[PDB]
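See below for the structure under consideration.
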Amino acid sequence: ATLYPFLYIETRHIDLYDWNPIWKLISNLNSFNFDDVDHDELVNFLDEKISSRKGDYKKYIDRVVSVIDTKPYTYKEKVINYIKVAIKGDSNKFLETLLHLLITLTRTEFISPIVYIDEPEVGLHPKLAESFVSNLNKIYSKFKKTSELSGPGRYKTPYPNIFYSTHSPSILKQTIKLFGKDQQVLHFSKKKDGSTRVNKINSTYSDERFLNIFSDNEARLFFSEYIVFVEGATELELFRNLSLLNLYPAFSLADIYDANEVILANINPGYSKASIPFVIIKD
Amino acid sequence: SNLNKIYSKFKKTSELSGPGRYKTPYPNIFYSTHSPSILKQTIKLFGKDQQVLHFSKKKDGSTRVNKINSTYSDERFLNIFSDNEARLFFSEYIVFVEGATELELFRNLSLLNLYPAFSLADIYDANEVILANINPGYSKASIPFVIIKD
Amino acid sequence: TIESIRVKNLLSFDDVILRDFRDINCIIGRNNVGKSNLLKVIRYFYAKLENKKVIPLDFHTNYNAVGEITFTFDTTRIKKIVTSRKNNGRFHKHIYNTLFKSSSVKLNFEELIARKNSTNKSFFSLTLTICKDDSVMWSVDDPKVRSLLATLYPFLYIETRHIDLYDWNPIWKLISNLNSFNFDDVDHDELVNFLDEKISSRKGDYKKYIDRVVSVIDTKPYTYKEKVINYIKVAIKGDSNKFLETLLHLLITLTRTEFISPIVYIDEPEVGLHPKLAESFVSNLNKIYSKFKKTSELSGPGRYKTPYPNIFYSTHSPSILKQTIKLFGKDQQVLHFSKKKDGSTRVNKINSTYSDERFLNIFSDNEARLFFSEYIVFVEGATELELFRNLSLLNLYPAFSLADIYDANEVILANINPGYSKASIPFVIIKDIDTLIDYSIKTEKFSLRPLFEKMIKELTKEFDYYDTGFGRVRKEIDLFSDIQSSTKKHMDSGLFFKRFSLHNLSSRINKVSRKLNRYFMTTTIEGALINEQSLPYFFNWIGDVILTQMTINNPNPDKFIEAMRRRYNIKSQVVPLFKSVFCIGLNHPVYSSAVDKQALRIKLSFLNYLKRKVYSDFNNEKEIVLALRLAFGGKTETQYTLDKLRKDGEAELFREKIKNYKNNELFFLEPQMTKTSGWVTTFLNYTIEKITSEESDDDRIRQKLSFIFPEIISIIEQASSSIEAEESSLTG
Amino acid sequence: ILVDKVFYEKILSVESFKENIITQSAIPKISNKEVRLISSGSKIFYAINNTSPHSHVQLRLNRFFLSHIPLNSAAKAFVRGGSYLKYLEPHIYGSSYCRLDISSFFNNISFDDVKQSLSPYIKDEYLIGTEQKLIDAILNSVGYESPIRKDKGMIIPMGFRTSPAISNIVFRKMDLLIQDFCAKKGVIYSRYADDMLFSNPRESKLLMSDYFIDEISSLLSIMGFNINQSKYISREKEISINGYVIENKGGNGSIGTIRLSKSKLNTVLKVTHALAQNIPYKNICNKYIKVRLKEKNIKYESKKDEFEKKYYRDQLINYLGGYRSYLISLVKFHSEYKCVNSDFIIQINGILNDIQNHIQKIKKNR
DNA sequence: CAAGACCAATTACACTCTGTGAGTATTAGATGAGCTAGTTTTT
RNA sequence: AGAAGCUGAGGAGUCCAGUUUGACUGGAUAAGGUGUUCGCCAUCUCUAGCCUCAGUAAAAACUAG
C-alpha cells in the first residue's frame, strides 16, 4: 500500500475549498525528518522577531495552549502546517496542479503511485481539455532523460500510471498525438449475457503523417459502435444523407469514414474487431 | 460554574488585586436557554451581574421583552435556590400557597385530570419572606400569579 | 414484545443483560456513549434480520473471537392468536409453520396439554454471533424465521435533534405496514375512468391525456407501498414536538387492531423544547395511552386490550422523567447506565414506583433531579440545606459541589429507597444521635429508639459461618445492646455527663453504620457550628451585627447622641442608651467624623461590656457554648432542647439566664435566634471571609475550617473521597 | 501491564528478595526442602512453606501482576467474577451437549509456553547484573522442578497459589482457537479449569460425531494437551455435570433450564432428617460431614477436655451456613440470569427454611 | 501415535552522487491457662 | 497404546460365586420404586441404609429475600 498507492480524482464532484489530496501527497511523499525541529525554538524565534518585548508572544502562546486542551498534532498534520507556513500560496487548474505536484514529488522517490481521474473534461472547453493534455505531456517530457537530453531536471525515474475516464474525443486525440507509444486505449462494452469486457484499441501508428493529420474525425471512430469504411467523398454524401437515414433509424448509429488503404492499414480495424464492428466498402 | 470561575478569576475590585487581575469590563453574553439548571446556576453564581428576560406575546400578536426578578437580598434564599424555584420562571401561571396540604390538594392528579386548564398552572409553597424575595408583582403581565392564603 | 437483550463483547459492552421491559422505559445517565452503543447494537441486529449489507460491530476486546447479541421475544400473544381454531389464514399458518412448529411436532401428547392453561409464557431466543473474520451467523439457520420476527416486532428509531419536517418517511412506512385492507383489487382503469367522468367536457377526454402522460414518463411500475401511500395521500385532507407527537399518536392508533408489536426508540425528545412543552408531550402520550385502555368497568367502543408497544426514551430533562413517573406509574422504568472501573457500560434499574400516593402527587423537580445525580446527601432539616448548599463554602471544596443535598424524612427515604440504586447513585444519610438513643432526667436511663433496634437486627449476622475479621461485629452489637443501662450520672442540673462521652459512642456507631450508608452526628446541626473553637469568630459575627445591622433612629445623630449622653449615664445606663439609640435599619447613612467616632466608641464599649458579662456570668468557658446552642434551637449532651427542658422543669436557673440575655442584652439577635432565619448562611459567609482575609493560601483556609468545624469538614471530605473514588465511573 | 526492574524492586520483592538484589546475588530457585509433597489419591500437591520469600513473591504477583493480563471470556474459573454457574449458564440455549476434559492440565503446561506468554508483559532487561534477566527471575517463583517427574523441566505445581492464574494466561491462545472453531460452526464453548463444555442449539449431530473430538484434539496438540476418553460425554436435550442438570426440550430458540439433581442435595437432606430424628451430634458429623477430631486432641497440652461438644456444634453450624450460602448463591444466580427451574427454586427455598430453623434450634440449644 | 488449525500487542531514503539505486570514487502490675473453623468446582 | 483409574491404610458381622471338608480369594449398605441417550443419568417415597486410624495444598463465586 505504501509503495504503490492509489489516488482517485473525481472532477465532477470536486471541491475548490479543500486541498486534501495535495496535502496528503505532500505529507506522505517527503524525504525529510520533521522531528529534529522543536516547537520551543520556533516559538522563541517568533517571539524575538514579532514585536514588543522578549517573552510576550511566548507567554501568549503558552496561555492559549494551557486553556485549550488539544491533543498534539500528528506527523502528517505537523508537516502540512510547516508546508503551509513555508509557502506563499493556498477544476482544470486544480487537476493540473495536483498532477504536476504529484509528478514532481514522485521524481525523487521510489514510490510509484497510480492515479485514476474520472471525467477530466466536465465543464471544460475543448481547447481547455487539449491544453490540459498538452500541459501534462510537457510535464512528462520535461523530466525525461534520453541520451542528449541530460543534465539537471532530467530524471530516469519511471512515471506513475495514470488512468482516464473520458467521454471527449479531444482528450483522446491529444493523448494519441502527443504521447504516442506511451498511451493505451481501453474499450469495455458488454457481452451477450451481460458482462463487462476489456479490450485494447489500436492507438499507436507507424505513419507520422497520419499522427499529425489526426483530427476529431479519427478520434470519433473510437466512440463508435459501427464504422463503415469508404474510399471516396461520394460515399460520404450518400451514406450521410439525412433523408435516407430518417427512414432507417438503425444505420444512423454507424459512422462513415473515408479511408484509403494506407489509412486502413494505420487504423487497423481488425485489432478491435470484437469491440468496434466494421465493414470496408470498395468497388 | 466554569463560566463564573473564569469570570471571577480576572476581577480586580476593592482589596482584590495582584497579577492576573483585570478591571476591564466583561463582554455582554446572551443565553437562549430552555433548561432550569442553567438559569438557576446563573442566578446563584452571578446575582447582581445577571438578568432574566421573558418574551411571551401580546393580545393581537407581537413580541414583548420584560425583565423577571432575579436578584435576591436574602442570602439564604440564594443558597437554598433549587429546581423548584427555577421552575417558576418557566411558568405561565403560579399559584402561591402556604402549607404542604395545599400542595397535596392542588397537585392531585385525579382532580387535575378533570381540569386540564389548571394543569398548566404550577403551585409553589411560599411564606411571606419567600414571596417578598421572589417579588411576583415585578412580573405580572409576563407571569400571572395568585396568592392563596387563609 | 422483547423481554431480554443481551450484548457480549461488542462496542462498550462486556456482558450486559436488559430485562423487565415496560411501556415507557426511560434511559438516563452521563454515559452517552453507552446509549449510542446500545442503539447501534439494536439497529445492527435489526438490519441483519432484514439481510442488509452493514459493517460488523467492533469487539470490546480482541482477546475474544465471538461477539453475541441475544434477543428474547415474548411470543405468548402470537402463539395464542395462531393456535386458535378459528384463525385459518395464510399468514396465521405461516406464523404457525416456522416459529411454533419445531417445539410441537417433536413432543408427545402430554406436554402440550400443560400449555393451554392460559398461565404460561412462551419465549423465543435469537442469537447473532460476529466472528473474528467479520462473519456473522445466527442460532437458527432459517431466513424465514428472521424475516417473520422482524415483521412481527419491528424497530423504529426517531431522532429529534436531526429531524426533517419535509420528509414523513416513518409516517408513510407505518401507514403502509400497519393496514387491514387489500389494495390489489383496485382497478386502475376503473379509477382513471371515474376521474375522466368527473372532469369531462366530452366523453373520453381525460383518458387520452392520462395515456399521453404515462407514455411520456414511462418508468418502473408502482410498488404496493407506493400505491398505498398515494391512495392514503389522496384520501386524506392534509399532509419538532408536534411532528413526533403526531407520529406517536398515529403509531398508537394503528397498533389497536393489529398483532404487530413495534419497538420505538426516541433519542432526546426535549431538544429545543420549553419544559411545559415536554410536560405536555408526556401528558398527551399518557392520554393516548389511557384512552385505548379498558379495565373492568371501563368498556365500550374505542377501547382495546391490545398490549402497548415498548417506548424507549433518552432524556436529559428532569421534566420528562418527572411526568413519566407521575402519570404512568407502574408502567415505566428508569435505566441508569454509568460505567465500570476499567471502563464498561452498566445498566441498573432506578426506583420509580412509589407506594405512597402523596409522594407521587407532590412529586417535583427536586425529586426528578435526584435521579440525574452522582452522589446524594440526605438530610433531615432546612438548616442542613442552608449549611451544605452554602456557596462560600463549596468554592473551597470543588468536589462536594458535585453532590446534591436533599431534605428528606424517614417516609421520603422509604419511598425513594436509595438502597435499590446503590452502585449507580451513591448516597449518605446524615442524621443526629437523638434518632437512635434517648435520655430522661426524671428516669436517669438510656432508651433505644426503634430505628436503632432495627439497624441492630439488620446487622445481626446470624445464619453465618466462621470467617476471619467478622468477629468484632457481634461484640459491637452486644455492647450497643448493653449500653441500655441506667448508670449514667449527669452534672450541672442534667446538662452534661459526668463520665460518659457521646463522642466515642457516635464514632463507634458511625464506624459500624458506614456499611449502611448512614452517618450520625454527635450533636444537632447547630452543634457543629457553635463550638468552643468557633467562639471568637461567632463573637466577631455578633460585633459585625452591632456595627452593621443596627443604625441610629433619629434623623439628626449628633443632637440625639448629645441628648442621650446628657440624660442617660454612659457607664451605668449604657444598656438603656444602646437600646434607645440603635434600631433595626437596612440603610447605613454616613455621619460626621465626630459622630462616627462616638458611634464607634459606643459600639466598642457595648461589645466589651457584653464580652465581660458573658465571661463573668459563666466561668467554665464551655457553658456559653451550650447556651448559644440552645438559643438557636439546639440540643445538649443530654439530648434535651430548650422547649423540652422548659416542659420538664430542668435547669431553671439556666432558662432564667437565657431569658435574661434574650429579653435584656441580646435583643437585636432575637429574630435570628430561630430556625430558617438564615443565620447559618451569614455566619458561614462571615467566617469564611475573615479566614480568607487572614490566611492567604487556600490550603491554609481549608485547614482552618477543619480546625473550627471538625464534623462538617469531616463529612465534606468523606463525601469528596467517595465521589473521587467513583469519579471515573459516574462521568461521561 | 509492563513490569520493569524498578517495579520488581519495591512491589513484588519489596522486602523478601531485597538482600539478593543489592548484593549482586542471583535469585535462587525453590529448594526441595522448602515444599511439601502431600498426596490425595493418585495426585501430588506441592505446598509451599508459608514463611518463605517465594510465598510473598507469589502473593504480590497474584495481587499486582497476574491480575491485569487480559484473559478469554470462555475461562470461567480462577478469574475474579467467574463461577461454575457462569460456566454452565451459556449452554441453556443449546439442544446438544458435549463434555471434554484435558488430562493432567497443570502437569502438561510447558514452561516455555509460560515464558513466551509472560514475555510481552515483562521488560526484557537484566535484573542482577549481566547474570539473570527479569523474566526468569519472575518464573523462578512460579515453577518448581518436580523430583517425581525427573529432570523434565520446571513443572508448574498443582498446589502453588500462582498456578491457576498462570494456567489461565497460558491457555489463551488455545481458548481463542477453540472459540473461533466453535463460532464457525455455531457451538457455544465454555471452559472451567480443564473441563470444556460445548453446546449446539441446532438440530445437528456435530457434538456426537468423532470429527468434533478429532478437531479439539488437533487444536490442543499445538501446545501438547490431550483429552482423556474416560469422561467424554455427548448427550441430547439433557446433560448432568457433577449434579448440575441442564435440560432443554429443543426447538428453534427454546430456553433451557439449570437445576440440581437429588444426588447433589442428598447429603443435606440426610443431615436435616437426622436432625429431625434427634440424632446426637457425635455421629452426624463423623459420618455425613466427614469432620472428626484427631487423636492428638487439645494439642496434648490442656486437661479440661469437653471440647468435642462445642466442636460438633461449631462445625455443624458452619456446614449449615456454608450450604445455605451455596443455595442462596444459586438463587441469586437465578435472579441475575433467569435460567433455573421454578420447582427447583421453591424446593431450595423450602430447604433454606429448614436449614434456618435447624440453625436456630442449634443456637438455642447452646 | 500424530495432526492442518500456532493469541494479541509490541513514519520515517542515507548517500560521495542531489538524482539514483552501479559506476567507481573519494578520502582520509513484662511468669497457670485455653482451644475449632463453611459449601462447591478444578482435583 | 497410551491414557484413565484413586484421599490412603484397615477392621467387625452377613450374602453370593469359585476352589475346598476345610480354609482362602474376588465383589459388596445411598435403601426401595419408575423412566431412560444405558451413562458415573433423572425423578418419587421412607425408618435415611456399618465402624476405626492417618492425610487434607491452591484459586474463584456465594454469608439473599
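So for chain C, numbering is Swiss-Prot's, and the shown residues are 2-240, 258-750, in order.
For this deposited structure, the header notes the method as electron microscopy, 3.1 Å.
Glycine is no exception: its Cβ is also placed from the backbone N, Cα and C atoms.
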From C:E375, C:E385, C:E392, C:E398, the one annotated by Swiss-Prot with C:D450, C:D452 for divalent metal cation 1: C:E398
Distance, C:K36 (ATP binding site) to C:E398 (divalent metal cation 1 binding site) (CA atoms, angstrom): 35
Residue counts (helix, strand, coil, in that order) that DSSP gives for the region 'ATPase domain C-terminus' (C:261-390): 54 helix, 20 strand, 56 coil
Number of Cβ atoms other than its own within 10 Å, given for C:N33 (ATP binding site): 14
Collapsed DSSP category at C:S37 (ATP binding site): helix
C:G35 (ATP binding site) versus binding-site residues C:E402, C:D450, C:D452, C:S623, C:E641 - nearest by Cα: C:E402
Env. residues of divalent metal cation 1 site, Cβ within 8 Å of mean position of C:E398, C:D450, C:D452 Cβ: C:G399, C:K449, C:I451, C:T453, C:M539, C:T542
Rounded inter-Cα distance in Å - C:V34 (ATP binding site), C:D452 (divalent metal cation 1 binding site): 46
Distance from C:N33 (ATP binding site) back to C:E641 (divalent metal cation 2 binding site), taken between C-alpha atoms, in Å: 56
Shell list (ATP; ref centroid = CB of C:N33, C:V34, C:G35, C:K36, C:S37; cutoff 8 A): C:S13, C:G30, C:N32, C:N38, C:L39, C:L40, C:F355, C:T363, C:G750
Euclidean distance between Cα atoms of C:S623 (divalent metal cation 2 binding site) and C:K36 (ATP binding site), Å: 68
For C:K36 (ATP binding site), the number of other Cβ atoms found within 10 Å of its own Cβ: 20
Alpha-carbon spacing, C:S37 (ATP binding site) to C:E402 (divalent metal cation 2 binding site), which is rounded to whole Å: 39
Integer Cα-Cα distance in angstrom, C:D450 (divalent metal cation 1 binding site) to C:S623 (divalent metal cation 2 binding site): 40
Most Cβ neighbours inside 10 Å, all chains, among the binding-site residues C:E398, C:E402, C:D452: C:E402
Where C:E641 (divalent metal cation 2 binding site) sits in the secondary structure, as DSSP reduces it to three classes: helix
